[PDB]
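The block underneath contains the structure these notes are about, expressed in structure tokens.
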Amino acid sequence: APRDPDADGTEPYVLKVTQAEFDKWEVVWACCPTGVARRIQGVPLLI
Amino acid sequence: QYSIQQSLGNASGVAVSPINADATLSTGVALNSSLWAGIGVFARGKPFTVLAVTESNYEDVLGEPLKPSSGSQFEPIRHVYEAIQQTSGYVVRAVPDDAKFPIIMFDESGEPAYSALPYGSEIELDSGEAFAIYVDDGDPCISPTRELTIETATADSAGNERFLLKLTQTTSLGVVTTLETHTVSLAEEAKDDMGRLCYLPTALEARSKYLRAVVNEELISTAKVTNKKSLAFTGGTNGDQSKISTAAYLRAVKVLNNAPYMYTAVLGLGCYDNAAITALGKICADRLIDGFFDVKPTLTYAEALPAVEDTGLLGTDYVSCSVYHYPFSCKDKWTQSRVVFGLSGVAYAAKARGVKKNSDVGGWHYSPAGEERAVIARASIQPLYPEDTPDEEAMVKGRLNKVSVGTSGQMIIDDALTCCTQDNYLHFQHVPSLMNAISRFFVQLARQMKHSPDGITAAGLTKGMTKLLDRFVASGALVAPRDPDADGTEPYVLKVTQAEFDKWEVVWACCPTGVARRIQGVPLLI
Amino acid sequence: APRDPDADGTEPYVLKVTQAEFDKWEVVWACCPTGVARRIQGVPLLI
Amino acid sequence: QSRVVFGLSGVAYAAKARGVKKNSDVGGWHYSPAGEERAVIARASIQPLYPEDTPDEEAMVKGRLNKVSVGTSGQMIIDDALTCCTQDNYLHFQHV
């Protein structure tokens, strides 16, 4: 799911087809790649 | 394993930040410990130094009690004895200029010589004298006399010759006891059996209470010590302690001012010098420390009132200071004879008894004048001025605390008032103690919170002050305001104002409890 | 938050972008730094 | 093992590093390099060279000098942090 749910929909991918020109034809797809855990940081807190 | 880094960079390795804890911060203050400090004239002690005396070892530090035959010298030791029954304390000894201490000088061959020098002056070594040894304690070697013996010893690897010094005490009858034994070497680089450094000045300054030594640097290389037995210190005398100049008292007060140790109360141990009392009151006001003072008992009832005005304490500048008068006489425990005391220390005893009633808060509520807190236990009391009565109203106007006869035939302090001219709830001693305790705790807690970002320090100060005020309310220090229409039911009201960018203000308002001094009852018929 | 809420908004920072010149371009940011506790003063009051 | 005189440089940097390390991502530049725990000046033993003499605090503030004092636990501590700025326009502080 996108990291910005307010500006972007919850759908992981969004696809649209536009006929546009009579013989030409366009397709657009948008995807949100997953995250890669490269750096991990942890802090201790006392309560 | 391997090291764990902190504050990792831009790639790869992981890190753990240092442990962060701030809501757990707290300040540890006893707030119940009570200690007394004072100055006086004592038979034995180190002049112009702060000495700590406890219930057990006070007699050894202050020496034998002074004889009542001598004038104005038995008062300080007996006042200290009366005041020390509850808690330990700190004393400063004042000495006249005529007093001196003995010194033993050793030549290159080893022939001893004796001399005496005043306390203030520093010793000087002439040509031909290898070193000198003097007594740091300052006790004159009269009556019980102190003697020094020297014995040879073996070397240690490097061949540095060492020797044993033994200090012993002999009574008048002939009883001999071993006080101190030490191993010292003239060589700068010397070692003991356990590895301790063996240098006479260093060793004496490190692990000795009686002797100090000064070695001339010219004759350190060529110096030999032979066997000498029973070397006795020459005559050292103490000057007339009845007459003490005001300058000595001022110097003693100044020395007492700069003391790293903390004391809760200041007591006047039989001091009747006006300048000294004013200085002590200034110290009490500066340190926000309660103080007790005593007018000279020799004055009569009529002359007591002008004496208080003579001392520079009748004003609004000194609030916590209190004064007492006691013209009666009793009998000394040590010597069966008549004596006149000053009512100082008994008030401190009452304050300590009132404080001990609570464990954590401190129990500063009770005034130092009560049915059971103050009893004045003495062998027998004979009034000096019979057929004469004091004026109660005059004493109240002059801020003097009187004494009366209790139900069980025991003399008792029936009032507690401070040296405050105005009647703005400050003449009572109950309120300044609480206010001083609160101020001291606030200063101690705020000292830790210095140089903190805004918001965090606000939360810390608010939490700490609220906890302290809640503890005091639970202990019964604060009561609901006497005017509920104009003032809220909350015993305390606290507010924090940031105001200036770097400055920051805190305000707290409290309602002290009431003290039952006068009770009136009327009968009515229905 | 600013020490003057009547004259300044409650926002800790205010940022604005002005195109101005055709090729030049300006950005302005305003911030309110936190306070440092250097002097603390307290008074006792009796009620 | 001998007596030496140092210059108070690096200890301030140590305090700044300690203040920075309090935060991971942002940086933690909030804290001034003069605090109860940030600056401690740990040394074997300190002997003052000019006893019976006291400095003037107001003169140092006017001259933009940072002094030292004795902490609660008997440790010498830096009790102020100021920069070389003549004006009082919130810039003499090192925090901003």
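Protein chains in written order, with PDB author numbering: chain A, 482 to 528; chain B, 3 to 528; chain C, 482 to 528; chain D, 338 to 433. The beta carbon of each residue, even a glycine, is placed where N, CA and C say it ideally should be.
Self-check item: Inside the segment 311–343 of chain B only - beta strand (DSSP E) runs reaching at least 3 residues
Solution: 323–326
Self-check item: Status (buried if at least 16 other CB within 10 Å, exposed otherwise) for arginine 520 of chain B
Solution: Counting from 1 along the second sequence, the entry for residue 520 of chain B is found at position 518. Exposed, because fewer than 16 other Cβ atoms sit within 10 Å of the Cβ of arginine 520 of chain B.
Quiz item: Are the C-beta atoms of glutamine 522 of chain A and some chain B residue less than 8 angstroms apart?
Solution: Translated into the one-based positions of the first sequence, residue 522 of chain A becomes position 41. Cβ-Cβ to chain B under 8 angstroms: yes for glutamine 522 of chain A.
Exercise. Using a Cβ cut-off of 7 angstroms, pull out every chain D residue sitting near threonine 515 of chain C, in sequence order please.
Key: Translated into the one-based positions of the third sequence, residue 515 of chain C becomes position 34. Simply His367.
Quiz item: So, helix, strand or coil for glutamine 243 of chain B, using DSSP?
Solution: Taking the first residue of the second sequence as position 1, residue 243 of chain B is located at position 241. In this structure, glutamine 243 of chain B counts as coil in the three-state DSSP scheme.
Quiz prompt | Any chain D beta carbon closer than 8 angstroms to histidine 81 of chain B | solution = As a first step, residue 81 of chain B is located in the second sequence; it is residue number 79 there, counting from the start. For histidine 81 of chain B, the answer is no, since every Cβ of chain D falls outside 8 angstroms of its Cβ.
Quiz item: Is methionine 196 of chain B near the ligand MN, going by C-beta to nearest heavy atom under 7 angstroms?
Solution: This structure simply doesn't include the ligand MN, nor any ligand for that matter.
Quiz item: Roughly how many whole angstroms lie between the Cα atoms of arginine 355 of chain B and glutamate 57 of chain B?
Solution: Along the second sequence, one-based indexing puts residue 355 of chain B at 353. Along the second sequence, one-based indexing puts residue 57 of chain B at 55. If I take the Cα positions, the gap works out to 16 angstroms.
Quiz item: Quick one: any contact between the segment 308–321 of chain B and the segment 354–374 of chain B, if contact means 3 or more CB pairs under 8 angstroms?
Solution: no
Quiz item: Between which two residues does the alpha helix (DSSP H) containing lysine 399 of chain D stretch?
Solution: Counted from its first residue, the fourth sequence places residue 399 of chain D at position 62. Start and end: 394–400.
Exercise. Give a yes or no on whether the minimum CB-CB distance between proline 525 of chain C and chain B is below 8 angstroms.
Key: The residue you call residue 525 of chain C lines up with position 44 of the third sequence. Interface residue, yes.
Quiz item: Alpha carbon to alpha carbon, how far is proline 514 of chain C from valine 433 of chain D?
Solution: To locate residue 514 of chain C, count along the third sequence from 1; it is residue 33. To locate residue 433 of chain D, count along the fourth sequence from 1; it is residue 96. Distance between the alpha carbons of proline 514 of chain C and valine 433 of chain D: 7 angstroms.
Quiz item: Roughly how many whole angstroms lie between the Cα atoms of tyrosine 427 of chain D and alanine 488 of chain A?
Solution: Within the fourth sequence, residue 427 of chain D is the residue found at index 90, counting from 1. Within the first sequence, residue 488 of chain A is the residue found at index 7, counting from 1. Spanning the two alpha carbons is a distance of roughly 39 angstroms.
Quiz item: Does the beta carbon of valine 433 of chain D come closer than 8 angstroms to any beta carbon on chain C?
Solution: Numbered from its first residue, the fourth sequence carries residue 433 of chain D at position 96. Closer than 8 angstroms: yes.
Practice problem: Ignoring anything shorter than 4 residues or poking outside the segment 47–134 of chain B, list the alpha helix (DSSP H) runs there in chain order. | Solution: 60–64, 76–85
Exercise. Mark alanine 376 of chain B as exposed unless 16 or more other C-beta atoms lie within 10 angstroms of its C-beta, in which case mark it buried.
Key: If you number the second sequence from 1, residue 376 of chain B lands on position 374. That one is buried.
Self-check item: Beta-carbon gap between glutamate 219 of chain B and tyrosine 201 of chain B smaller than 8 angstroms
Solution: As a position in the second sequence, residue 219 of chain B is number 217, starting the count at 1. As a position in the second sequence, residue 201 of chain B is number 199, starting the count at 1. No; because the gap between Cβ atoms is not below 8 angstroms, this pair is not in contact.
Quiz item: Which same chain residues, not among the five before or five after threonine 423 of chain B, have their C-beta less than 7 angstroms away from its C-beta?
Solution: Indexing the second sequence from 1 puts residue 423 of chain B at position 421. The residues are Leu316, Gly317, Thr318.
Practice problem: Name the residue from C:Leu527, C:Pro525, C:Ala518, C:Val524 whose alpha carbon lies nearest to the alpha carbon of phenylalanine 430 of chain D. | Solution: Numbered from its first residue, the fourth sequence carries residue 430 of chain D at position 93. Of C:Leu527, C:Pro525, C:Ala518, C:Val524, the residue nearest in Cα terms is C:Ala518.
Practice problem: Count the C-beta pairs between the segment 118–132 of chain B and the segment 72–82 of chain B that are closer than 8 angstroms, then say yes if the count reaches three, no if not. | Solution: no
Practice problem: May I ask you to list the residues that DSSP assigns as paired with residue 532 of chain B? | Solution: What the structure shows of chain B is the stretch from 3 to 528, and residue 532 of chain B is not part of that stretch, so it cannot be assessed.
Quiz item: Just to confirm, are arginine 401 of chain B and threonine 420 of chain B a CB contact at a threshold of 8 angstroms?
Solution: Numbered from 1 along the second sequence, position 399 holds the residue referred to as residue 401 of chain B. Numbered from 1 along the second sequence, position 418 holds the residue referred to as residue 420 of chain B. In this structure, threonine 420 of chain B lies closer than 8 angstroms to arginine 401 of chain B by Cβ.
Self-check item: Alpha-carbon to alpha-carbon, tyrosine 494 of chain B and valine 475 of chain B
Solution: Locating residue 475 of chain B in the second sequence gives position 473, where the first residue counts as 1. Locating residue 494 of chain B in the second sequence gives position 492, where the first residue counts as 1. Rounded to the nearest angstrom, the two C-alpha atoms are 8 angstroms apart.
Quiz item: Unbroken beta strand (DSSP E) runs of length 3 or more, entirely within the segment 256–309 of chain B: which are they?
Solution: 267–269, 292–296
Practice problem: Helix, strand or coil for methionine 413 of chain B, going by three-state DSSP, please let me know. | Solution: In the second sequence, residue 413 of chain B corresponds to position 411, counting from 1. Three-state result, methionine 413 of chain B: strand.
Quiz item: Which chain D residues sit within Cβ distance under 7 angstroms of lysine 452 of chain B?
Solution: The count along the second sequence starts at 1 and reaches residue 452 of chain B at position 450. Neighbours of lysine 452 of chain B on chain D, chain order: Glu373.
Quiz prompt | Under the three-state DSSP convention, the category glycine 40 of chain B falls into | solution = For this step, residue 40 of chain B is matched to residue 38 along the second sequence. Here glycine 40 of chain B sits in strand by DSSP.
Quiz item: Under 8 angstroms, do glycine 40 of chain B and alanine 96 of chain B count as touching if we go by C-beta distance?
Solution: Within the second sequence, numbered from 1, the residue matching residue 40 of chain B stands at position 38. Within the second sequence, numbered from 1, the residue matching residue 96 of chain B stands at position 94. Against a cut-off of 8 angstroms, the Cβ pair of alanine 96 of chain B and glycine 40 of chain B comes out as no contact.
Quiz item: Given 8 angstroms as the limit, is there contact between the segment 104–117 of chain B and the segment 271–279 of chain B, that is, 3 or more CB pairs closer than that?
Solution: no
Quiz item: Exposed or buried, what is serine 322 of chain B when buried is set at 16 or more other beta-carbons lying within 10 Å of its beta-carbon?
Solution: Taking the first residue of the second sequence as 1, we reach residue 322 of chain B at position 320. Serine 322 of chain B should be labelled buried.
Quiz item: So who's on the other strand from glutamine 384 of chain B, going by DSSP bridges?
Solution: Your numbering for residue 384 of chain B matches position 382 in the second sequence. Partner(s): B:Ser331.
Quiz item: Nearest to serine 28 of chain B by alpha carbon, out of B:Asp242, B:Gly140, B:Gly462, B:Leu166?
Solution: Taking the first residue of the second sequence as position 1, residue 28 of chain B is located at position 26. Answer by Cα proximity: B:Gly462.
Quiz item: So does the segment 136–156 of chain B actually touch the segment 228–244 of chain B, counting three or more Cβ pairs closer than 8 angstroms?
Solution: yes
Practice problem: Measure from the alpha carbon of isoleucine 415 of chain B to the alpha carbon of each residue in B:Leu470, B:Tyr350, B:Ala460, B:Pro455, then state which is nearest. | Solution: Translated into positions along the second sequence, residue 415 of chain B becomes position 413. Looking at the Cα atoms, B:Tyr350 is the closest of the given residues.
Self-check item: Within chain B, partners of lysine 353 of chain D - CB distance below 8 angstroms
Solution: Looking up residue 353 of chain D in the fourth sequence gives position 16. Within chain B, no residue comes near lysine 353 of chain D; the closest Cβ sits about 13 angstroms away, beyond 8 angstroms.
Practice problem: Along the alpha helix (DSSP H) that carries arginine 449 of chain B, what are the first and last residues, could you check? | Solution: Looking up residue 449 of chain B in the second sequence gives position 447. Element bounds for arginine 449 of chain B: 432–450.
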